[PDB]
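S.K.:
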Amino acid sequence: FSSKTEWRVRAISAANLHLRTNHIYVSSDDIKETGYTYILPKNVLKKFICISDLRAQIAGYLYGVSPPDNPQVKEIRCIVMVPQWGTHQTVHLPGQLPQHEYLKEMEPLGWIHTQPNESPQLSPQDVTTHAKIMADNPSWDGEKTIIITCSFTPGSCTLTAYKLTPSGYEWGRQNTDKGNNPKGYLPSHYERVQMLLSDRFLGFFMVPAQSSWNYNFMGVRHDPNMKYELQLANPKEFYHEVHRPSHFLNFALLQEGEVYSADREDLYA
Amino acid sequence: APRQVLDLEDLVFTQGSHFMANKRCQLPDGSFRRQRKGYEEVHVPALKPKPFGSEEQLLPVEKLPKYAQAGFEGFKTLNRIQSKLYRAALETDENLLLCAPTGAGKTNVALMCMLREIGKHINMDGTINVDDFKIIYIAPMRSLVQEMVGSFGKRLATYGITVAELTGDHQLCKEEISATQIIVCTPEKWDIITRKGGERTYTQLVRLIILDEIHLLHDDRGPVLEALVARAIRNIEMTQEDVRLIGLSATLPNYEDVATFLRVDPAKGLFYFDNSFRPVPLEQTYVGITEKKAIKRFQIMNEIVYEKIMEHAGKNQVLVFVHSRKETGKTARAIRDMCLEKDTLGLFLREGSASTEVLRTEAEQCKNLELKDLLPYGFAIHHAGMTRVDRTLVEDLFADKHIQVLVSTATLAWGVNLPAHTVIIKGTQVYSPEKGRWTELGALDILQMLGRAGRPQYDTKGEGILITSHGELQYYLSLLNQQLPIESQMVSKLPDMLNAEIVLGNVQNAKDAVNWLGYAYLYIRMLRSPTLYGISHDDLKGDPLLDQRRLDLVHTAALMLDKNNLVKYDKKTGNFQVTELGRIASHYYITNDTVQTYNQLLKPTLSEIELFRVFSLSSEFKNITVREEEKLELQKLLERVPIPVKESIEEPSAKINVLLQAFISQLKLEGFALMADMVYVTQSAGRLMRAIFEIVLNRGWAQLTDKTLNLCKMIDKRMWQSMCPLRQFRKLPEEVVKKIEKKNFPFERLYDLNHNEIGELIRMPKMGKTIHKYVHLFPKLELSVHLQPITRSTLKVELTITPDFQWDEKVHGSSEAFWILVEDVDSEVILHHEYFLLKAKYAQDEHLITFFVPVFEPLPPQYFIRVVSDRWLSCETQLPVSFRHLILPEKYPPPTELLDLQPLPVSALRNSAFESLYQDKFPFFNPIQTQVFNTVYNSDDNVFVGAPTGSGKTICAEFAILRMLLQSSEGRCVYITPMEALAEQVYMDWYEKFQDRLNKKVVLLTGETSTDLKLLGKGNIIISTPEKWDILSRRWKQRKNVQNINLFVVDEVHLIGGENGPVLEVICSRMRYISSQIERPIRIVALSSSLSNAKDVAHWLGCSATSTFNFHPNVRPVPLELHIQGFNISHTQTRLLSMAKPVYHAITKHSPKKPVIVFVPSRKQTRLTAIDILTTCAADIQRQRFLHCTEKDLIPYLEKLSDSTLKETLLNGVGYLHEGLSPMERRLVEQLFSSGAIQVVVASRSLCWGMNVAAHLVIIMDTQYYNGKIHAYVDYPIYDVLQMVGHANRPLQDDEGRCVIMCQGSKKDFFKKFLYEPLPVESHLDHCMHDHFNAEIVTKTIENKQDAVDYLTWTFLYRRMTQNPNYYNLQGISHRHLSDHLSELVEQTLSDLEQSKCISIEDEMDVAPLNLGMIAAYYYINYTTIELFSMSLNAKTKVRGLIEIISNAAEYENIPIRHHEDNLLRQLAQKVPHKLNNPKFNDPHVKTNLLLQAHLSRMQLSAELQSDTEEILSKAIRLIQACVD
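As you go down the protein sequences, you meet chains A and B in turn. 2067 is the number of the first residue of the first sequence in the UniProt record's numbering; add one for each residue after it. 404 is the number of the first residue of the second sequence in the UniProt record's numbering; add one for each residue after it.
(1) Quick one: list the residues of chain A neighbouring B:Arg1195, beta-carbon separation under 8 Å, in chain order.
(2) If you compare alpha carbons, which of A:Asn2291, A:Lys2198, A:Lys2249, A:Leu2225 is closest to A:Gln2162?
(3) Cβ closer than 8 Å: which chain A residues qualify as neighbours of B:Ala787?
(4) For the stretch 2259-2278 of chain A, enumerate the residues whose C-beta is nearer than 9 Å to any C-beta of chain B, in chain order.
(5) Assuming the contact rule is C-beta atoms closer than 8 Å, A:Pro2164 and A:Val2146 should be a hit. Round their C-beta distance to whole Å, please.
(6) Are the CB atoms of B:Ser881 and B:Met423 within a distance shorter than 8 Å?
(7) Can you tell me where the beta strand (DSSP E) holding B:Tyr834 begins and where it ends?
(8) Check B:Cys1580 in the structure and name its three-state DSSP category.
(9) Chain A beta carbons: is any one of them nearer than 8 Å to that of B:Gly818?
(10) DSSP beta-bridge partners for B:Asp1809?
(11) Would you list the residues sitting across from B:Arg1629 in a DSSP beta bridge?
(12) Pairing CB atoms from the stretch 404-411 of chain B with CB atoms from the stretch 1145-1163 of chain B, are three or more of them under 8 Å?
(13) Look up B:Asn705 in the DSSP assignment and say whether it is helix, strand or coil.
(14) By the criterion of Cβ-Cβ separation under 7 Å, what are the contact partners of B:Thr814 in chain E?
(15) Below 6 Å CB to CB, which residues in the same chain sit around B:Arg1921 once its five sequence neighbours on both sides are set aside?
(16) For B:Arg439, name the three-state secondary structure that DSSP assigns.
(17) Would you list, in sequence order, the uninterrupted beta strand (DSSP E) runs of no fewer than 3 residues that lie entirely inside the stretch 1680-1710 of chain B?
(18) Per DSSP, A:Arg2258 is paired with what?
(19) How many Å lie between B:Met1382 and B:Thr1194 at the Cα?
(20) Considering Cα atoms alone, identify which of B:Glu1847, B:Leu1129, B:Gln429 is closest to B:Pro1887.
(21) Taking Cβ-Cβ distances shorter than 8 Å, what residues in chain A pair up with B:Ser581?
(22) Leaving aside the five residues before and after B:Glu1468 along the sequence, list all residues of the same chain whose C-beta is less than 8 Å from its C-beta, in chain order.
(23) Quick check: what's the CA-CA separation for B:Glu602 versus B:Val445?
(24) So, with DSSP's three-state summary, where would you put residue 1931 of chain B?
(25) Are any of the Cβ atoms in chain B nearer than 8 Å to that of A:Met2200?
(26) Mapping DSSP to helix, strand and coil, what is A:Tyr2104?
(27) Please classify B:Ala988: does DSSP put it in a helix, a strand, or coil?
(28) For the alpha helix (DSSP H) containing B:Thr934, name the first residue and the last one.
(29) Please work out which residues of its chain come closer than 7 Å, Cβ to Cβ, to A:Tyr2235, disregarding the five sequence neighbours upstream and downstream, and give them in chain order.
(30) Give the single residue among B:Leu1815, B:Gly1353, B:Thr1593 whose Cα lies nearest to the Cα of B:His1659.
(31) I want to see whether chain A comes within less than 8 Å of residue 1931 of chain B, judged by CB atoms only; does it?
(32) With a cut-off of 8 Å, does the C-beta of A:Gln2187 fall near any C-beta of chain B?
(33) State buried or exposed for B:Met1081, treating a residue as buried only when at least 16 other CB atoms are found within 10 Å of its CB.
(34) Which residues mark the beginning and the end of the beta strand (DSSP E) in which A:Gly2130 is found?
(35) How many Å lie between B:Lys695 and B:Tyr991 at the Cα?
(36) Counting along the chain, where does the alpha helix (DSSP H) carrying B:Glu1830 start and finish?
What follows is the structure in structure tokens.
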């Protein structure tokens, strides 16, 4: 980013993200039928789209349970936002997975992220990210956890859901190179999975304890090994004042400017 | 006749206060016109003082009354005019008007008018006791207000009376200015503050208002003064309580018109003095310039300045008023460089080289301003901008005459007072950002600055020189000699004025509107000069009173307000209705075009980017435009702003936006035009942004109310949030702040660090302590929440706010304001919000707020409870409330349908003797009764009947009683009600119903065990309250009279829900246990209001579902119309006061001719509200409308009265009922009401239960009440409210019954939900538990832990626990869940009971009562009480100790604390035999100690606390005996 002009164009843009919110598409494609099927409550989806930005990827972590007596469907009941920052093609979020009390009741279902340009494939950066989570986390089950990619289409939003195949998981555990075309990448690595939106139940948010989630505007304050706690509260928007301290901390001024126009007229209170 | 719409545009006066209504002017005597090239110059000489009249002398400060003389020190004699009117000043309440020239010293006249009132309240042994009166001084200018409070303070300080400026934001300083008298303010301030109601707590304590410089009537600001005074007068006509009004004006014609306006009797009240009375005679010079081209003009005026100034260059003094900031010093240095260009001519401003102190001007050398250049020479400059102290240092220099040339601004004339030998006004034109252009300065500005001409002391006569444009030259003559009419600009503002009056409720309809306008200055002007105001004389003759013009006028205002949605007013009725938009508009003094712009523009989804634009579109800014020259700088500013404007290009929107940002971002601007503009924008911005916040918050749209309150704060504080909060403490160094901003270390992480750890971050350790202070000065709340589900739809939230910050009144001041708002799952919708205000006293005291919130069908992961300071920026705390574990209650089955039955005649029961006690009362039983009948009467089984209060369940009980009557001669029946009042109320009926007609003996239980025992068993029907029937019947095993009862009746069982409910629950349960052991069935009949969970109650009390009748509140014999009225004023006094008028209106609307009961929060409030009902009764022009008999008939009743005011209120048909009234007085009032003599009775809330007289309309006023113990208000218990509502029932006659409940904003939704639906009821036994286990263990009903659990299973708690487990903090609905829960329960109850030595627990299994518990159980005393006794009473204790030990008893904490009982009990405690060790006077134990000693000393107290004393004494002996034991 240009860090001056580049900030503002996208900033007055993102104030319209809520317009997208009511036009969304969902990939319908061939159902494995032996697979799990994930239901995403619409409210969290709306809010998640609304906090995002149209260039930097933001990501969120999925937490849910399967409804009683129906083990093959996973309701996503919660999204957790952790300290993070994006690129246009990927997202850097820390090594620690969410730990918190409200979360103990549910299982992790993977993660969801915004995708500035729509691609009909799981980006190598993603399969690599996911495998590398999975390597370090037994908590995440290969077969149960997914990557939901939410892409910004014109005036719209459109989303797909992927699972790593074991081929993919091994490649990704192995993979170093984060470029858009790493060696040995294959369409054999991922698999699409069945997902539905729902108005039947409401999902909720988990959000960083002492800060907010969006570190894009401080990259030096973000570290892979950084630790965080959580709370029950909603995410602030991308360009929200808090995510942007450096800019509100731009004041170089001498007080005596106030000497000029010392006619104080007030008369009201 | 029907009204017609007119155009208010061509009907106003543009360029107001420059108006010049007369087109002809006059010479003075020796005046001449001499025209030069390019400029006409007019000269008038000084006036000739009127020769002293025969035997007319000045008054010294001696010969005027003794008291007032104080504070006049330094002044030996009164001014001629002061001396003229002092008599009427101090000897009459007649209103005043004086017209006297500038310099006559008008203030000291008005001062006397104040010293009279200050004297009206005086005592011998104390002076000027200050809570009787307050005075309001309205002055036109701010500087003038400041300086006036400054000197008034000094002067009046001898009296010790506290006078202050009213700059207060409404809420933080009200309770501050509560203690303030003689408050000074600008008319505007008074108008907003009255529109909000900050005044309505002050008024009626106001006997005097001063209008100073009332000629401001002619200014655009005029309508405000017109609005003030009109309101004051129109109000006095309603209240009949009068006020003095003292007007002060410059000398101008239309004096008699202003007189009419102020209701000044021209005879004794009018005072006029012409321009000859100016203390320093004024020679007037006026030079108008004919030059059209401005380029040549800006030379000509320079040169006129030079010649005029060189004229006085000898021994004399000149003062130049320029209207520019910078040009104060641009005008100087022109004179200087000219004097240098003069070949050193004009110089030597002294008597010599060294003479006249040139070393004075040289030795003062180094100064803050540009003075260093000018000071070595003869002249200098003055203004507010460049310096603070050096202004005072220049004023000192001018007074002592070391500078004979001073160029300055109007704020110098309006500020601290110094004159000049001759003053010169350069140009008269100023820049008006409000008007968007340049315009000639106001009347008061010149009048003030030219009234500075000449000294009172060092001068002979003053001169003044006004350099203006020739075209305005006529105008400025019509002023400074009295030619100018004072006219009203009121028409321009008429739509805005009307709104605010509807908003205050002072105008309901068109008629009240014309009545109001009939009090305006514009009215008398339209009367006496119709020709000017747009009325031809012929149609004036056609309508002499202007009824049809005042009807046409205001009709257009009504239409404008309707079209912008400020008011809903239909032409047919002529009535107005206020909308919240209207209120917001009035409260912020924002125009009605701006507000509709906001209505259409504002949507939930608005970004900051857009919020600013909407702000920029405010109609208040309509004339602001963007100039070519400044579009160069605006672009730079546009790229240096944080919030993108880029939606807009260069147009007014952009200019205003970038300006607001510039101000917040704190940016200095090169152009002067832009500076003034920016100032305008930002000053109006506070009110504007705030009205936005209020609107958008009332809508409930969370995100935008955040963005808008934050904007408000950013405007107030002049910074963005991205800057360190420490900046709001201005006490802090800038470099330190910038330093902590340098390193990014999130602010809330400063609390973890100590004084040293702080300084280590910025490597400035010397600061380490001071920083720390501020970090802990910054307001911080921590908050906890206790949440329990009520119904599947609603949860209850108890928020506990604990102050985490150190209070300093030099920072936080008297009060700190916080919004608490609970937001939904996405932080999208605001489900609920309250305004919470923590006062000074109560920092560190945790406050408890209780409120309900709804839940919805996709049950969400959590809500959020947000709390944010109003004024404080970056100060917020959020609290996730997680539902992850929430278990919602089982949805409630539909109420049993009301069957359609042939209404049962009394002829049903074949018993004639029974028929007799009904037939002559009502012909038919109601559908409820007739549906219950066969089950309750012809059949023997337990029934439950819920129906909402007013359904007639009492005779449903009487059915069962009659059945038992047939069953056996001696048949025994016990009847229970939770309210003792209700019990006596039942007894009075049933004693005649049964004992009188049916010969069957009827009794009513009492305190004493013995007498009570004897009572039952002689009686067939035993009426009692749960506590009386607990103590007796705990021992039931031994008392055969308990066991042998045939029937058992529980009335109002839903009351289980409330406190003193557990005892009810426990006695019904016990009753069942007895029927278990007695082997005979004991029929139980329970009666409740509509109950959602009635099933549980029935299952508990053993009713088959077939005999269970639970009815919906919509089933009532007489239908009810319920209305709820929300009031947004949180401060309870103001709220309670502002619902006064609505009460009257609620009567006139809902029940004009029918009986009306009004319930009130306070014992005393009943009087006051009866009064107010009568005083606003006069308003209607309708007097004594509520009295239905002649005064001759009421005399026999009034002979029995003590209370004198009650006589009055009764005389007009009202009357009241409360604690203090003698039972005869009460009986009388009740009689008068029911008989139909008086149509309205105001009653204390306490009397809702025990009142035997019903009504048609019931109005509940303000559902909160005051509790001294936590020092806060607390809501009416819901069942109470339902009872008050049920008090509107009149089945005999009315086809309907009506209720209006006026309550706070917060409490609105709660009533909307729970008054209509059937009610849920939960058990409280889990909390109040020990006492009963103890007592029961004593009877050996619980022999061991097992028996304890078993006992638990007989309760209603047992029933409910699995129904709504989250309420009882039971975490699962399972079997072992409930089992483990009850287990843990008896476990800890028995443990706590064993710790207290009331029982002994053997083997861990068995239990036995011990000494303590035995005592407790015997005397029916709380167990903690006698434990306290156990650790308190020692070997050496005596009556001194026994008093306090017996006082701390638990049964004495039921004793409450009333409004300001902290001083009362202190005054009593002073004079009692035994003093106390640092007693807190809000504590009921202390109060009972003091009341007890008072009783021992036979001191007669007020009946208020005497009642209390009696109640203490009632239960005293038992406690005493327990101590003996």
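Where is the CB? At the ideal position from N, CA and C, for every residue including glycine.
M.R.: To lay it out plainly:
(1) Those do not exist, as B:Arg1195 stays about 15 Å from chain A at its closest Cβ, beyond 8 Å.
(2) Cα-wise, what sits closest to A:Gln2162 is A:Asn2291.
(3) Simply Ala2328, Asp2329, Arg2330.
(4) Listed by position, the residues of the stretch 2259-2278 of chain A near chain B (Cβ gap below 9 Å) are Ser2264, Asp2265, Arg2266, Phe2267, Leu2268, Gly2269, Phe2270, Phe2271, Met2272, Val2273, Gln2276, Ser2277.
(5) About 4 Å; that satisfies the 8 Å criterion.
(6) In terms of Cβ geometry, B:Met423 and B:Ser881 form a close pair [threshold 8 Å].
(7) Element bounds for B:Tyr834: 832-835.
(8) Helix, per DSSP.
(9) Put simply, the CB of B:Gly818 is far from chain A, with every gap to its CB atoms at 8 Å or more.
(10) Checking the DSSP bridge columns, you'll see B:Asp1809 partnered with B:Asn1747, B:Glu1805.
(11) As DSSP reads the structure, B:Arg1629 sits in no beta bridge.
(12) The stretch 404-411 of chain B is not in contact with the stretch 1145-1163 of chain B.
(13) B:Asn705: helix per DSSP, three-state reduction.
(14) The chain inventory of the structure shown lacks chain E, comprising the protein chains A and B.
(15) The beta carbon of B:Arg1921 sits closer than 6 Å to those of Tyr1822, all from its chain and outside the five residues before and after it, given in chain order.
(16) B:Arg439 falls in the coil class under three-state DSSP.
(17) Residue ranges of uninterrupted beta strand (DSSP E) with 3 or more members, entirely inside the stretch 1680-1710 of chain B and ordered along the chain, are 1700-1707.
(18) In the DSSP secondary-structure assignment, A:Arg2258 is bridged to A:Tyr2228.
(19) Whole-angstrom Cα-Cα distance: 27 Å.
(20) Per the Cα distances, B:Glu1847.
(21) Chain order gives no chain A residues near B:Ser581, where near means a beta carbon separation below 8 Å; the closest approach is about 17 Å.
(22) For B:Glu1468, where only same-chain residues beyond five positions count, the Cβ hits under 8 Å are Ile1459, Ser1726, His1727, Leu1728, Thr1758, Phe1759, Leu1760.
(23) Distance between the alpha carbons of B:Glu602 and B:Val445: 49 Å.
(24) With chain B running from 404 to 1928 in the structure shown, residue 1931 of chain B is simply not present.
(25) Using beta-carbon distances, A:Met2200 does not count as an interface residue toward chain B, since no partner is under 8 Å.
(26) A:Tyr2104 falls in the strand class under three-state DSSP.
(27) The answer is helix: DSSP assigns B:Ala988 an H, G or I state.
(28) 933-936 is the extent of the alpha helix (DSSP H) around B:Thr934.
(29) Only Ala2197, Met2200, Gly2208 meet the Cβ criterion.
(30) Nearest C-alpha to B:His1659 among B:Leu1815, B:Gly1353, B:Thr1593: B:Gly1353.
(31) For residue 1931 of chain B there is no data in the structure shown, the boundaries of chain B being 404 and 1928.
(32) Chain B contact via Cβ: absent.
(33) Buried, because 16 or more other Cβ atoms sit within 10 Å of the Cβ of B:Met1081.
(34) It spans 2125-2131 - the beta strand (DSSP E) in which A:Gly2130 sits, taken as one unbroken run.
(35) Roughly 43 Å between the two C-alpha positions.
(36) Per DSSP, B:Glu1830 is one residue of the alpha helix (DSSP H) stretching across 1826-1835.
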